[PDB]
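Chains, contacts and geometry: an overview
Here's the letter readout for the chains.
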Amino acid sequence: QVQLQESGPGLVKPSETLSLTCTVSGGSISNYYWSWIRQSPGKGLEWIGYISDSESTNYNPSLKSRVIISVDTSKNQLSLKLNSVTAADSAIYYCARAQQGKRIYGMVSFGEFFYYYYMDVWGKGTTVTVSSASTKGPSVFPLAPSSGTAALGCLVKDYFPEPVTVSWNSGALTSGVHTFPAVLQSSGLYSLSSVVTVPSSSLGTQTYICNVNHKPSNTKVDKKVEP
Amino acid sequence: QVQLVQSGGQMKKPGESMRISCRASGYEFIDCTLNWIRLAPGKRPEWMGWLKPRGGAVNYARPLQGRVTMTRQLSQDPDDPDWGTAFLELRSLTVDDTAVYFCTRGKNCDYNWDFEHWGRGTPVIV
Amino acid sequence: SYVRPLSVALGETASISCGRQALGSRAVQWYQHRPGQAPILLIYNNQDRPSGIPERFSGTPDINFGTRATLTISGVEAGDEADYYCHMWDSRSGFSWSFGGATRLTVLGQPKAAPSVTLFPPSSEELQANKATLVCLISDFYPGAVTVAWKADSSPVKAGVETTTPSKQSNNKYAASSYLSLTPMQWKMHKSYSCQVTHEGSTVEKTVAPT
Amino acid sequence: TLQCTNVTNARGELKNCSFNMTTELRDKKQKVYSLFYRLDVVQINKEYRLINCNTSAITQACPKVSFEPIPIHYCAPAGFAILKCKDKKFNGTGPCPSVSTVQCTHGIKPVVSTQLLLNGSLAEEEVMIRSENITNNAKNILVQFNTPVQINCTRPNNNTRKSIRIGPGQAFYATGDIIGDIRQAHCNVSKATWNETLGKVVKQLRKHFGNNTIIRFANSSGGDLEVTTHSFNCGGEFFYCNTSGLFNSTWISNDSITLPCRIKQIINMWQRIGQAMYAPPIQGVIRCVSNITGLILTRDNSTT
Amino acid sequence: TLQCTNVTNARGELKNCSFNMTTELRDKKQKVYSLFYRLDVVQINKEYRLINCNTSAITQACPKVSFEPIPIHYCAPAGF
Ligand SMILES: *[C@@H]1O[C@H](CO)[C@@H](O[C@@H]2O[C@H](CO)[C@@H](O[C@@H]3O[C@H](CO[C@H]4O[C@H](CO[C@H]5O[C@H](CO)[C@@H](O)[C@H](O)[C@@H]5O[C@H]5O[C@H](CO)[C@@H](O)[C@H](O)[C@@H]5O)[C@@H](O)[C@H](O[C@H]5O[C@H](CO)[C@@H](O)[C@H](O)[C@@H]5O)[C@@H]4O)[C@@H](O)[C@H](O[C@H]4O[C@H](CO)[C@@H](O)[C@H](O)[C@@H]4O[C@H]4O[C@H](CO)[C@@H](O)[C@H](O)[C@@H]4O[C@H]4O[C@H](CO)[C@@H](O)[C@H](O)[C@@H]4O)[C@@H]3O)[C@H](O)[C@H]2NC(C)=O)[C@H](O)[C@H]1NC(C)=O
Ligand SMILES: *[C@@H]1O[C@H](CO)[C@@H](O[C@@H]2O[C@H](CO)[C@@H](O[C@@H]3O[C@H](CO[C@H]4O[C@H](CO)[C@@H](O)[C@H](O)[C@@H]4O)[C@@H](O)[C@H](O[C@H]4O[C@H](CO)[C@@H](O)[C@H](O)[C@@H]4O)[C@@H]3O)[C@H](O)[C@H]2NC(C)=O)[C@H](O)[C@H]1NC(C)=O
Ligand SMILES: *[C@@H]1O[C@H](CO)[C@@H](O[C@@H]2O[C@H](CO)[C@@H](O[C@@H]3O[C@H](CO[C@H]4O[C@H](CO)[C@@H](O)[C@H](O)[C@@H]4O)[C@@H](O)[C@H](O[C@H]4O[C@H](CO)[C@@H](O)[C@H](O)[C@@H]4O)[C@@H]3O)[C@H](O)[C@H]2NC(C)=O)[C@H](O)[C@H]1NC(C)=O
Ligand SMILES: *[C@@H]1O[C@H](CO)[C@@H](O[C@@H]2O[C@H](CO)[C@@H](O[C@@H]3O[C@H](CO[C@H]4O[C@H](CO)[C@@H](O)[C@H](O)[C@@H]4O)[C@@H](O)[C@H](O)[C@@H]3O)[C@H](O)[C@H]2NC(C)=O)[C@H](O)[C@H]1NC(C)=O
Ligand SMILES: *[C@@H]1O[C@H](CO)[C@@H](O[C@@H]2O[C@H](CO)[C@@H](O)[C@H](O)[C@H]2NC(C)=O)[C@H](O)[C@H]1NC(C)=O
Ligand SMILES: *[C@@H]1O[C@H](CO)[C@@H](O[C@@H]2O[C@H](CO)[C@@H](O)[C@H](O)[C@H]2NC(C)=O)[C@H](O)[C@H]1NC(C)=O
Ligand SMILES: *[C@@H]1O[C@H](CO)[C@@H](O[C@@H]2O[C@H](CO)[C@@H](O)[C@H](O)[C@H]2NC(C)=O)[C@H](O)[C@H]1NC(C)=O
Ligand SMILES: *[C@@H]1O[C@H](CO)[C@@H](O[C@@H]2O[C@H](CO)[C@@H](O)[C@H](O)[C@H]2NC(C)=O)[C@H](O)[C@H]1NC(C)=O
Ligand SMILES: *[C@@H]1O[C@H](CO)[C@@H](O[C@@H]2O[C@H](CO)[C@@H](O)[C@H](O)[C@H]2NC(C)=O)[C@H](O)[C@H]1NC(C)=O
Ligand SMILES: *[C@@H]1O[C@H](CO)[C@@H](O[C@@H]2O[C@H](CO)[C@@H](O)[C@H](O)[C@H]2NC(C)=O)[C@H](O)[C@H]1NC(C)=O
Ligand SMILES: *[C@@H]1O[C@H](CO)[C@@H](O[C@@H]2O[C@H](CO)[C@@H](O)[C@H](O)[C@H]2NC(C)=O)[C@H](O)[C@H]1NC(C)=O
Ligand SMILES: *[C@@H]1O[C@H](CO)[C@@H](O)[C@H](O)[C@H]1NC(C)=O
Ligand SMILES: *[C@@H]1O[C@H](CO)[C@@H](O)[C@H](O)[C@H]1NC(C)=O
Ligand SMILES: *[C@@H]1O[C@H](CO)[C@@H](O)[C@H](O)[C@H]1NC(C)=O
Ligand SMILES: *[C@@H]1O[C@H](CO)[C@@H](O)[C@H](O)[C@H]1NC(C)=O
């Protein structure tokens, strides 16, 4: 079918161009409508704008003085460039395909219809935080167990900004994994703590390595875990 | 097209009072006399009293005198001027007053006691 | 956008009424939006659903004008807790740019679950890096509201502790971390450190010593 | 002085006007509002005013009298008589061969119509056309169908009527708001029935103009609103139906034609200059079913 | 709008109402007063108004016609 995936800087300084892109899968770009949506913490969903299968522009007047939704049909990629960003522009940006419906209530010739739009398939989301503070990489410190069933994990200390992705054995170990929500310390850096439940038989020895990725810092660090 | 519309049901307690309406439509309100009939299970249908909108002249039944009061309120706007609202008030309620109260009208305005038209009923539980 | 509360029981029926009633012929969209997650299209045309939505999600069609648009959830689950939006399109009002308000459905009467505290001592790499950190991991508790208290040997700490707000899990339970950043000398000069997690009724304790 | 806006939509036809209106007390005013079709108002220089103010007074129709045509029978007094004419191909003038007498005429329905005669009496046998002198172009030709063409009309908007006390017993009935959708008042005819009926009319038209000449149909050429459009009454409101879709066929040798109709409340009727009537709005959705039985044509220098 | 008081006494029945009334000139008013029995007036919320205003118009009886019942004879036409 059709699936999407966004990709953005994740951190843009105030009063700057918030560039973004979204590549769709298993579908043609020039025969569907596409909508951009952002959702801030504490605020409801906000409809950015939408582009047609004829590549027509129409933005929310709450934002139209700053948005420009482009699209390039050579691939399945369409962009989104908000500029003059402020602190209120921190939100998750979802890439959804709009589909055009024509609600007819009277005579079609007299123009007694109105057009409604519904998004059926959505993207996963890309977190974009705005702050004058620069980027910052993490630093993984392992957590060893201490002997039936035991638990082990990786401490992802001070990093900025959200988020980070945690894999175990590059993706093989996926049962019992439990990545925890981060904590914004008063110093301004998030701290995430992953943990995996493991049978006590494999403690000696089944090699366990946690994979930590933080895209705003171009880092990919790993570390072992052993008593 | 004679149609009598009453008010919703009410749950009262002994000592309180009630007020129910009966909006008629489809005939000259001041020409035909209206009545009020209560219907309790296991009892005879009791006639409370009739009211003539021409001046509001009323006649109460003896077992209800002093506790029953019937009024009217016909609209004074000649566009829909064919409708009145007969109100019924029963004070010092007892558990024996629990029934379904109807407002009736004769088949014609010459003879009043041939109740051809009935309201949907206003159940009261004391 | 502000949020409208709602409280239904597990297995009962819900009636999420739209907050912006229509003026003419309506074409309402319903979205299930879990916080910090991709929304789900429940109903796009007044009564029509997409492929992959249970029958227990029904939308009211406008055949006679007057019937307001409401979302009916029959046989609610614990996983049905999310936000719900009424995207109201009608012939009188113009272009429905904004989504609905916010109906945060909270299901009452879910199974009460006890937490699972797991306290780890500081890592040797960070102790070698001249810093210490205790990680009191809590998970699989309901309702999601816990109180964390740290004790140095036997005295309360309070200074230097950060705590997660109880986020929701996949199994509809809740989890939260609990960090205590110590100096590498303060962690060695003490005998034991405990993490008192008082969830709902009574507390659970996990202790860790420097040996 | 009316303060009007457009009723929220996207063509801005019927307006939403507010005004300082008198009350039951001669020293109190009130800021009430109402809906008026644009055909009833004109601007000053936004500010509007009722169309009839610089012309004549206006009397609101009593909402208890009926606009319905009732069969009226005309009778001659004693000593007089009415002469019928049972000739089924009798054109207007000449000597009727089969004559009978009646004390009263038949049920005459005084249906006020225009261009298209509505609810009239059909003709037996074949459709005849009249006009006193058919060759005089300035004489209205009366064509009388023999089969009825069904026409359906409606004002789809669900209207509301608001009573506004403007004095001791003076209650002006205004248009409150439109419940539900806002649509367009129109009329329907069967294109097949209208095609065969326009064929029946062009049939008898050759007996007066020639078996080879062309017969062309067009819409009105100008004048007032009451003449350029099909004007009549439907449920109690006066339509003005654009008949350009009915008269557009040059003849030589499932369907549904829809006419865009407007609505007026401030009419003078007949054509008198002196008094206009305000028709109080009809509550609910309007639709009426009528037959068009006649037609009033007007020809325009060789053989076409 | 009527501005009424009680007529000085001690039951306060007939009132003493004053009002801004029109004159012979369409641009001049006048503050005249009159007595009205309470059966003819109703309050607003002291301020009063004539009872018939929210119902119908009112015509003052000509003070030259007689309210006296005169013996009227009903007769049938010829042939009856
Ligand atoms: C005088 O002359 C006049 C001029 O001729 C004449 O005017 C006519 O007036 C009437 C009413 O006054 C008008 O009737 C309306 O018609 C509307 C349009 O209907 C057409 O389109 C729809 C939708 O078409 C899409 O979907 C179908 C499948 O559903 C596809 O097959 C189509 O290809 C199409 O999909 C493509 O096109 C879309 C563009 O719209 C694209 O977006 C899409 O991507 C695709 O590319 C069809 O369903 C209709 O088909 C019906 O009729 C055919 C005959 O051709 C029959 O086989 C069968 O009965 C079909 O059902 C038609 O083709 C209607 O929308 C409207 O009815 C709705 O609106 C009113 C008021 O708003 C509601 O009260 C009513 O209940 C209807 O609401 C239903 O539908 C909406 C929208 O779908 C829902 O939101 C709503 O919940 C409700 O759903 C319920 O009912 C459904 C069935 O109706 C059911 O499926 C649901 O599950 C639910 O129960 C109304 O009927 C007419 O258009 C005028 N004529 C013209 C030419 O404009 C007048 O009548 C004359 N007489 C007078 C004045 O007396
Ligand atoms: C023709 O034009 C007239 C105007 O002359 C229109 O009449 C007005 O219509 C508007 C709506 O379009 C009315 O405004 C609504 O008033 C409601 C009444 O509440 C008032 O009173 C309470 C006290 O009980 C106050 O607290 C409150 O502030 C109001 O003063 C409001 O409840 C409505 O609020 C809605 O809008 C707000 C803001 O968007 C929302 O937050 C609310 O949730 C709610 O949805 C609204 O303000 C106005 O009262 C009408 N005026 C009169 C005199 O009636 C006609 O509608 C128009 N007709 C047509 C056909 O176009
Ligand atoms: C219904 O209500 C109306 C009021 O709207 C009453 O009408 C008023 O009645 C009062 C008396 O109750 C009148 O007041 C009297 O006015 C007299 C006229 O003199 C005026 O003009 C001279 C100039 O020539 C001025 O110098 C003088 O000051 C006045 O302005 C006065 O002579 C009266 O004076 C009396 O009282 C004073 C004070 O108590 C005494 O010292 C005097 O000796 C004297 O006894 C008095 O002031 C008033 O004028 C009336 N108004 C109108 C518009 O007519 C109705 O009477 C009342 N009806 C009922 C049935 O209740
Ligand atoms: C041409 O002639 C037609 C028929 O002779 C006219 O149609 C009539 O139009 C009037 C008003 O537009 C209608 O009166 C309406 O009545 C309905 C209620 O009627 C329904 O209920 C009664 C039961 O009491 C039932 O007997 C009827 O059959 C209906 O089912 C209301 O909406 C209003 O009160 C309104 O007055 C007539 O009903 C209607 N007659 C028919 C046979 O359809 C048409 O108006 C004429 N055209 C012109 C231009 O004059
Ligand atoms: C109602 O809508 C119509 C149509 O948009 C408006 O007509 C416009 O009037 C202005 C006058 O200021 C003209 O400059 C425009 O050219 C008109 N537009 C069209 C499409 O004709 C009308 O003004 C609106 N009325 C109100 C009260 O808002
Ligand atoms: C419109 O159509 C026809 C005109 O012939 C009328 O319906 C017929 O009326 C005759 C005379 O009353 C009846 O004998 C037929 O049985 C009727 N046909 C049907 C199918 O009912 C109808 O009354 C006309 N309406 C008018 C003139 O208002
Ligand atoms: C037109 O609108 C009126 C109200 O503006 C509708 O009347 C309602 O009818 C229902 C019955 O289905 C009653 O329960 C309501 O009480 C009525 N409302 C009022 C205010 O009287 C009417 O149904 C509408 N009709 C159409 C065809 O839209
Ligand atoms: C005008 O309206 C009438 C009534 O709605 C239509 O007559 C109906 O026609 C359909 C289709 O043949 C029949 O199924 C119905 O039984 C008819 N109604 C009645 C009451 O007999 C008529 O077709 C319409 N004509 C036009 C030109 O719109
Ligand atoms: C009646 O309808 C016709 C078309 O059905 C209208 O004709 C328009 O006339 C104007 C010039 O007056 C042209 O510019 C348009 O192109 C015509 N429209 C069409 C579709 O041909 C006519 O205007 C209508 N009558 C009124 C009074 O508006
Ligand atoms: C006229 O006199 C009567 C009787 O004293 C007044 O009636 C009183 O009205 C007030 C209203 O403010 C009530 O609180 C009192 O209880 C009433 N008294 C009685 C005995 O009923 C009336 O207000 C007086 N009117 C004027 C204009 O002064
Ligand atoms: C005109 O106003 C009078 C005010 O007295 C209304 O009469 C009273 O109305 C209330 C409730 O509407 C009743 O409780 C009183 O019993 C009525 N009193 C009298 C003496 O009738 C009257 O209904 C209003 N008329 C209109 C048409 O609104
Ligand atoms: C009514 O009169 C007042 C007088 O101040 C004026 O301001 C207002 O605009 C008037 N209302 C209308 C609708 O013109
Ligand atoms: C009507 O018929 C007579 C004779 O049958 C004829 O003289 C007269 O011209 C006809 N009327 C018209 C308008 O042609
Ligand atoms: C008549 O038709 C012509 C041509 O379509 C159009 O320009 C004109 O506006 C029409 N007039 C009327 C009154 O419909
Ligand atoms: C007459 O009008 C004036 C206007 O200033 C007002 O002060 C006075 O109270 C009015 N008179 C009455 C009796 O209401």
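Residues numbered from 1 in each chain as written, not as in the entry; some residues may be left out. Chains lettered and ligands numbered in written order. Part of a larger assembly, values for the part shown. Heavy atoms only, no water.

Per the PDB record, the structure was determined using X-ray crystallography to 2.7620 Å resolution.

Quick word on the overall build of chain C
Applied cut-off: Per the convention used, a helix needs a DSSP run of H or I reaching at least four residues, while a strand needs a run of E reaching at least two, with both numbered from the N terminus. The globule rule is 2.2 Å times the number of residues to the power 0.38, and the radius of gyration it is compared with is taken over C-alpha atoms. Using a 1.4 Å probe on the protein chains alone, a residue whose accessible area is under 20% of its type maximum counts as buried, one over 50% counts as exposed, and one in between counts as partly exposed. For this analysis, residues touch if any pair of their heavy atoms sits within 4.5 Å. Only the protein chains shown count as cover for residues, with accessible areas throughout obtained via the Shrake-Rupley method and a probe of 1.4 Å. The charge count treats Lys and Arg as positive and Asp and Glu as negative. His and the chain ends do not count. The atoms used to mark charge sites are NZ of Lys, CZ of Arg, CG of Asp and CD of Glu.
Along the backbone of chain C there are 2 helices and 18 strands. For 211 residues, the compact-globule estimate of 2.2 N^0.38 gives 17 Å, and chain C exceeds it by more than 25% at 24 Å. Taken along its principal axes, the extent of the C-alpha atoms in chain C is 75 × 35 × 30 Å. Classification of the 211 residues of chain C by burial places 46% in the buried group. Excluding contacts between residues fewer than 6 apart, the proportion of contacts in chain C whose partners are at least 24 apart in sequence is 59%. Taken as a whole, chain C presents about 10,000 Å² of accessible surface, with 50% of it coming from carbon and sulfur. Charge centroids of chain C, computed over 18 positive and 16 negative side chains, lie 4 Å from each other.

Some details on unusual backbone geometry
One can expect most non-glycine residues to show negative phi and most peptide bonds to be in trans. The step from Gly204 of chain A to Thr205 of chain A runs through a cis peptide bond, and the omega angle for that step is 0°. Tracing the backbone shows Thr205 of chain A in the loop between β15 (190-199) and β16 (209-214). At the junction of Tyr142 of chain C and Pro143 of chain C, the peptide bond is cis and its omega measures out at 0° in the coordinates. When you line up the elements, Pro143 of chain C lands in the loop between β10 (132-141) and β11 (146-152). Of note in the backbone geometry, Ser147 of chain A takes a positive phi value of approximately 55° without being a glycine. By secondary structure assignment, the location of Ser147 of chain A is in the loop between β10 (140-143) and β11 (149-159). Although it is not a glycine, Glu125 of chain D adopts a positive phi angle of roughly 60°. The topology assignment puts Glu125 of chain D in the loop between β8 (101-102) and β9 (128-129).

What to know about the site of ligand 4
Residue and element names in this part refer to chain D. The line we're drawing: A molecule or strand has a residue near it when one of that residue's heavy atoms lies within 4 Å. N or O atoms closer than or at 3.5 Å make up a polar contact, with two conditions inside protein: a donor-capable atom paired with an acceptor-capable one, and, for residues adjacent in sequence, both atoms drawn from side chains.
Close to ligand 4 lie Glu68, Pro69, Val111, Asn119, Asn233, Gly235, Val289 and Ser290. The side chain of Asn119 places a nitrogen or oxygen atom 2.4 Å from an oxygen atom of ligand 4. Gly235 places a polar main-chain atom, nitrogen or oxygen, 3.5 Å from an oxygen atom of ligand 4. Relative to its unbound accessible area of 930 Å², ligand 4 is 31% covered by the protein chains.

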